Ligand code: HEM
């Protein structure tokens with residue numbers, strides 16, 4: 008089942024040691040993906056520790072990329088924090 012993280016938890020995972028981000032209320036651990044992302048490391052770094060949904064959507068991402076992203080899900084944003092960012 009669901010493992011939840013608050014915004015304040017996720018915020019700490021903002022650097023090379025541990026990079027997490029949020030897309031559509033899911034929490035992604037990208038620590039090892041940074042080196043692999045076709046769009047490069049820096050754009051991810053820029054977003055690390057918070058909601059990156061609109062940047063992810065704005066740039067565009069293929070169905071293949073969206074399927075790939077599910078492999079990094081570690082949990083979901085706590086329900087009480089959903090109103091403090093958009094799904
Ligand atoms: C777990 C999440 C992510 C996955 C799996 C992922 C995967 C990919 C993949 C596979 C591509 C190659 C093109 C495509 O398939 O559409 C791509 C390109 C790109 N990604 Fe991501 N991405 C992720 C998150 C992000 C985020 C959050 C941003 C921005 C902050 C970003 C910015 C870019 C850029 C700028 C490109 C280049 C677009 C192009 O090829 O022309 N990505 N990403």
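Numbering (the deposited numbering), first residue to last: 8 to 94.
All C-beta atoms in this analysis are idealised placements derived from N, C-alpha and C, irrespective of residue type, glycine included.
Check your understanding: Since residue 67 contacts residue 34 with CB under 8 Å, what's their CB separation in whole angstroms?
Key -> The residue you call residue 67 lines up with position 60 of the chain shown. The residue you call residue 34 lines up with position 27 of the chain shown. Wrong, their Cβ atoms sit about 22 Å apart, outside the cutoff.
Review point. Quick one: any contact between the segment 9 to 18 and the segment 36 to 52, if contact means 3 or more CB pairs under 8 Å?
Key: no
Check your understanding: Expressed to the nearest angstrom, what Euclidean distance is found between the alpha-carbon atoms of residue 22 and residue 65?
Key -> Indexing the chain shown from 1 puts residue 22 at position 15. Indexing the chain shown from 1 puts residue 65 at position 58. Straight-line Cα distance between these residues: approximately 23 Å.
Review point. Candidates 15, 37, 24: which alpha carbon is nearest residue 77's?
Key: Here the question's residue 77 lines up with position 70 in the chain shown. The candidate whose alpha carbon is nearest that of residue 77 is 37.
Review point. Does DSSP classify residue 17 as helix, strand or coil?
Key: Taking the chain shown and counting its residues from 1, one reaches residue 17 at position 10. Three-state DSSP puts residue 17 in a helix.
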